[PDB]
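Chains as they are written, first to last, in UniProt numbering: chain E, 1 to 172; chain G, 3 to 199; chain L, 2 to 128; chain C, 2 to 50; chain X, 2 to 107.
In this text, a Cβ means the ideal position worked out from N, Cα and C, and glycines have one as well.
Quick notes on the structure that follows.
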RNA sequence: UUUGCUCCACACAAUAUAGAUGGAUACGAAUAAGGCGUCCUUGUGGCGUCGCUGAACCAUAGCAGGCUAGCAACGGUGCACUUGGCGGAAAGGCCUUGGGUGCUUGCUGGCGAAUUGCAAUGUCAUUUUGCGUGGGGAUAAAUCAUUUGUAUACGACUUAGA
RNA sequence: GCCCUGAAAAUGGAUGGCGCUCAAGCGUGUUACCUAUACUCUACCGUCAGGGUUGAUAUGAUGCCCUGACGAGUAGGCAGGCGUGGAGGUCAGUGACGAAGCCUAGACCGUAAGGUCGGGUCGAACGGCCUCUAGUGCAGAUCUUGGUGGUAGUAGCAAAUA
RNA sequence: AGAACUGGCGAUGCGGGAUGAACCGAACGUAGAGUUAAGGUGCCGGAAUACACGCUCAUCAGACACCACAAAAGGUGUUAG
RNA sequence: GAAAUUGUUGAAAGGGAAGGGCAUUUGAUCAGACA
Ligand SMILES: [Mg+2]
Ligand SMILES: [Mg+2]
Ligand SMILES: [Mg+2]
Ligand SMILES: [Mg+2]
Ligand SMILES: [Mg+2]
Ligand SMILES: [Mg+2]
Ligand SMILES: [Mg+2]
Ligand SMILES: [Mg+2]
Ligand SMILES: [Mg+2]
Ligand SMILES: [Mg+2]
Ligand SMILES: [Mg+2]
Ligand SMILES: [Mg+2]
Ligand SMILES: [Mg+2]
Ligand SMILES: [Mg+2]
Ligand SMILES: [Mg+2]
Ligand SMILES: [Mg+2]
Ligand SMILES: [Mg+2]
Ligand SMILES: [Mg+2]
Ligand SMILES: [Mg+2]
Ligand SMILES: [Mg+2]
Ligand SMILES: [Mg+2]
Ligand SMILES: [Mg+2]
Ligand SMILES: [Mg+2]
Ligand SMILES: [Mg+2]
Ligand SMILES: [Mg+2]
Ligand SMILES: [Mg+2]
Ligand SMILES: [Mg+2]
Ligand SMILES: [Mg+2]
Ligand SMILES: [Mg+2]
Ligand SMILES: [Mg+2]
Ligand SMILES: [Mg+2]
Ligand SMILES: [Mg+2]
Ligand SMILES: [Mg+2]
Ligand SMILES: [Mg+2]
Ligand SMILES: [Mg+2]
Ligand SMILES: [Mg+2]
Ligand SMILES: [Mg+2]
Ligand SMILES: [Mg+2]
Ligand SMILES: [Mg+2]
Ligand SMILES: [Mg+2]
Ligand SMILES: [Mg+2]
Ligand SMILES: [Mg+2]
Ligand SMILES: [Mg+2]
Ligand SMILES: [Mg+2]
Ligand SMILES: [Mg+2]
Ligand SMILES: [Mg+2]
Ligand SMILES: [Mg+2]
Ligand SMILES: [Mg+2]
Ligand SMILES: [Mg+2]
Ligand SMILES: [Mg+2]
Ligand SMILES: [Mg+2]
Ligand SMILES: [Mg+2]
Ligand SMILES: [Mg+2]
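If you want it as structure tokens, here you go:
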């Protein structure tokens, strides 16, 4: 959908005479702007409570910034998704440095491995896998081994002129 | 950049080589392509062989002459690739193609002239390693080209002489480098180092 | 020595020839508007000839002016030519085509005296 | 529609075009494969029917 | 010396155009060694001569020149737009062209 | 048939031009590997070093580059000559010898440049042809008609004729 | 999910073609860039509209000056104009020192119908303006009459013994 | 083949969908400069052989609405669940 | 003494029609304006 921010969105059930101070509910929401983010909020709230934007009000919208934006973290991700022929629950683990980064490549991954466009996905939970060895998926366990080192074979430099006088070398 | 650019076909991908060669022409740049038998095509030999036979069946039903002509030589396989990238029925089109020449091997003039390469068409920079690919010479000879063996012969001969040339050259540049090294440390030498030379 | 004027801008100097006048002898070039039901020209399909329309009409400031600056005025004799006496910077006399030679010389002669411009001062000139 | 009955064609298309030859002296388009061990000699001859 | 060039080599590419309609009033110019729209901003407004020959001598010469100026950059790869006194002949698509160094600002 | 042809030389003239304007600057092969230097046991060898772009290399100062003088070097290079050798894929070009001659911005001097007027491509390329001159060289054929029938609708084919 | 089997038709053939395989393919993101008679700004033409201005002593009061918006078009309506033959008026209009007509990749005015001129040809009449009038404008109708082509130096001119 | 509502084509060019009455964009006086739409930017062809993460190797791969078709059923090919 | 259509002369162009639109090169031709 874009390059995501993450927002706390708070809303509540338009007050009444007999019920002033209604309950207040929050969602974290991954979205590109606060306009999409409020939309999304109402999209899920009408999936859980009896409200709709018409009869409800947004209270606060705030961007949650990453706690330690330069610490490599192991995220486990839970997702709900719609395939062509029925709907489905998933767990992936994504390793990056912010939840916002992580959700960017989830969405990419759903799109590419399952052909799921952004409309058809529901993030269920995104949560930092605290202690390793709770990391489940091997395409991540892989990167957690001690003294890790790997080469990058077969180097392609990007040419800037159309012609070259060398013959290249993919050494590295 | 140069009055004439000679490209070594070897290790280049047909359609990427074609795509850049076409644009160069249209922009006024004379080009000669060489060693076209050592051109590459993505996909295993059998595929590009079948692909060839599909081309091979299209002919004018009433007169196989007037219908589409099938050239079997690697240069000319290549020229097909090109001409398709050039509005070749306009005068401007004919104009640009006349700036073009393709050859199997490296015949006179061009064999003592330097040849360049075209990185954005170089197979070894482009194909993901592991993918199967094809050599024109091999394809062409499988569709009737007569002259693979001769080209091999002549090149190997050419290829001998030029290693002489080189080795002789490599030896003189060693002298030159030796000559350069006494000049190192001299005033003029330190001065030029200041100015980035 | 004509009145000053803005640059004379012509807007479409190419003749509007009839469609297909270049195609059959029987069709003169004189403009003539297609009324055909299918016709490309009437339908204004990209590729074909344009048709005259009021967009092209010349600047009210320079219309009728010919290259020099003077609107031209047809002239038959001296009386006529004299109608431009207080109008030398504005009108040029054109000598009518059926005026004789011996009369053209009287008319030039006077246009000179009066400082009036003549546009075709060489007609019949017995050289 | 379809021939109704099948018969082979009429004449061989490997002999087109059926035009007059460029010359009275038909051409040797092929000589025997060379075995350079043997003594030198000709590989054809000229005569008149 | 052996070089006397006070201009930069250039190539007459297309007219301005769509897929199927061109605009002879704007020519497109490829300037040697200009790869980016930023590089090309330097040349904006420089003057361009297309020089060519002819049979009839005129003002004493058999050499004639069409003149114009560069005017804006064109797409991402250093190409430039340019207009001339009279539009360029279109046989010249591919012909060389000279871009000068005036009006200077260095 | 009115002194025609050709190769070289310059001269006048025309006519062109898909587009000169410092230089198309030569191993091969591999890319999950290579170049280069060096050593040696000469090898799928040791050791060293390089890439990460030609952003290089070479050339480049002088009336579009005039006229001149000197020094240091003995080098560079243009040109016509001469010695030997190589290249047939379209070689039609490359290398080597030797004297001659020009230039040298390797360094140091004398003189010139303006008024082309504050820009105007400011004309320096190479294509083809035509016409005289005189430095070499060379002195045919084809066709019509006639004729044969290994050929043929007509052309064409195939023979023959001092 | 992508890919593969399932997957058979007739002239040779179509992701538009070339061709593309860490794509020039499929899903998804981010930028930049190209370009419609459309959008913004400006000039010019016209249409509609709103203002202004009879004060003489010069030239259009259906005029002059300011301002704003708008402009597709078959059938069809209306408007303002262009052109023809004849009629009233007028210019005391043009003309044998050359009317009219015809020819002219010569000139000029009009958005256009058309108008004007030069040069050639020619030989006796003709035009501008205001008005009147209609047998008043052609590309078509297997249109009418007349003239002319390509077909084409072509089919052919071979029955009846010579 | 026949009805409902709207918007169109017919009566209409212009840009795009190679092509095309009806789709997408946009409705036309003569022009200059700018910006865009729909659609595109390897070459044909104006415009990144752009950036990024995956996926896919087809001895009939695939490649963009309308549109110029494919289904049940299968795979120890590969991918994520 | 028009046109169709023809001969000659002159100029030009022509790789499976020709003619047309916008634009400019080249050739030919020409008006106006300078003062
Ligand atoms: Mg946090
Ligand atoms: Mg009509
Ligand atoms: Mg019709
Ligand atoms: Mg119709
Ligand atoms: Mg049968
Ligand atoms: Mg023959
Ligand atoms: Mg040319
Ligand atoms: Mg090494
Ligand atoms: Mg070594
Ligand atoms: Mg070693
Ligand atoms: Mg180098
Ligand atoms: Mg010098
Ligand atoms: Mg050659
Ligand atoms: Mg000096
Ligand atoms: Mg002679
Ligand atoms: Mg397909
Ligand atoms: Mg394509
Ligand atoms: Mg994509
Ligand atoms: Mg417009
Ligand atoms: Mg209208
Ligand atoms: Mg009237
Ligand atoms: Mg009348
Ligand atoms: Mg009558
Ligand atoms: Mg005529
Ligand atoms: Mg005039
Ligand atoms: Mg006359
Ligand atoms: Mg007359
Ligand atoms: Mg008479
Ligand atoms: Mg009347
Ligand atoms: Mg009538
Ligand atoms: Mg009509
Ligand atoms: Mg008629
Ligand atoms: Mg008719
Ligand atoms: Mg009609
Ligand atoms: Mg008729
Ligand atoms: Mg006869
Ligand atoms: Mg006959
Ligand atoms: Mg008969
Ligand atoms: Mg007979
Ligand atoms: Mg008889
Ligand atoms: Mg109808
Ligand atoms: Mg429409
Ligand atoms: Mg279109
Ligand atoms: Mg389509
Ligand atoms: Mg819609
Ligand atoms: Mg094409
Ligand atoms: Mg392009
Ligand atoms: Mg970019
Ligand atoms: Mg769909
Ligand atoms: Mg299935
Ligand atoms: Mg599967
Ligand atoms: Mg007569
Ligand atoms: Mg024109």
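Using 9 angstroms as the limit for Cβ to Cβ distance, is residue i near chain E?
i: residue 41/G; result: no
i: residue 238/G; result: Nothing about residue 238/G can be reported from this structure: the residues present for chain G run from 3 to 199 only.
i: residue 131/G; result: yes
i: residue 13/G; result: yes
i: residue 3/G; result: yes
Shorter than 9 angstroms from the beta carbon of residue i to some beta carbon of chain G?
i: residue 150/E; result: no
i: residue 165/E; result: yes
i: residue 45/X; result: no
i: residue 7/X; result: no
i: residue 60/E; result: no
i: residue 20/X; result: no
i: residue 12/X; result: yes
Give the interface partners of residue i over in chain G, defined as CB-CB distance under 7 angstroms, in chain order.
i: residue 61/X; result: Under the 7 angstroms cutoff, chain G gives no residues; its nearest Cβ is about 30 angstroms from residue 61/X.
i: residue 159/E; result: 121 and 122
Against chain X, does residue i count as a neighbour if the rule is that its beta carbon must be under 9 angstroms from one of theirs?
i: residue 94/G; result: yes
i: residue 24/G; result: no
i: residue 63/G; result: no
i: residue 34/G; result: no
i: residue 98/G; result: yes
i: residue 88/G; result: no
Please compile the residues from chain G whose C-beta is within a distance smaller than 8 angstroms of the C-beta of residue i.
i: residue 31/X; result: 29
Please compile the residues from chain G whose C-beta is within a distance smaller than 9 angstroms of the C-beta of residue i.
i: residue 57/X; result: Neighbours of residue 57/X on chain G: none; closest Cβ ~24 angstroms, over 9 angstroms.
At a CB-CB cut-off below 7 angstroms, which residues of chain E make contact with residue i?
i: residue 127/G; result: 156 and 168
Starting from residue i, find everything on chain E with Cβ-Cβ shorter than 9 angstroms and list it in chain order.
i: residue 7/G; result: 163
Check the Cβ of residue i against every Cβ in chain E and list those closer than 8 angstroms, keeping chain order.
i: residue 118/G; result: 163, 164 and 165
Discussion item. Which complete alpha helix (DSSP H) runs does the region 14-52 of chain E hold, if anything under 4 residues is left out?
Written reply: 34-45
Item to complete: Scan the region 84-106 of chain X for residues whose Cβ lies nearer than 9 angstroms to a Cβ of chain G and list them as they occur along the chain.
Response: 91, 92, 94, 95, 96 and 97
Discussion item. Give me the subset of the region 7-25 of chain E whose CB atoms are less than 8 angstroms from a CB atom of chain G, sorted by chain position.
Written reply: Those would be none; no residue qualifies.
Worksheet item: Counting only runs that start and end within the region 80-142 of chain E, where is the alpha helix (DSSP H) found for 4 or more residues in a row?
Response: 99-113 and 138-141
Worksheet entry | Sequence ranges, alpha helix (DSSP H) only - wholly within the region 12-45 of chain G, length at least 4 | 16-28
Discussion item. At 4 residues or longer, what runs of the alpha helix (DSSP H) sit wholly inside the region 49-103 of chain G?
Written reply: 76-85 and 93-100
Discussion item. Extract the residue ranges of the alpha helix (DSSP H) inside the region 22-75 of chain X, only unbroken runs of 4 or more that lie entirely within it.
Written reply: Entirely contained in the region 22-75 of chain X, the alpha helix (DSSP H) runs reaching 4 residues are, in chain order, 38-42.
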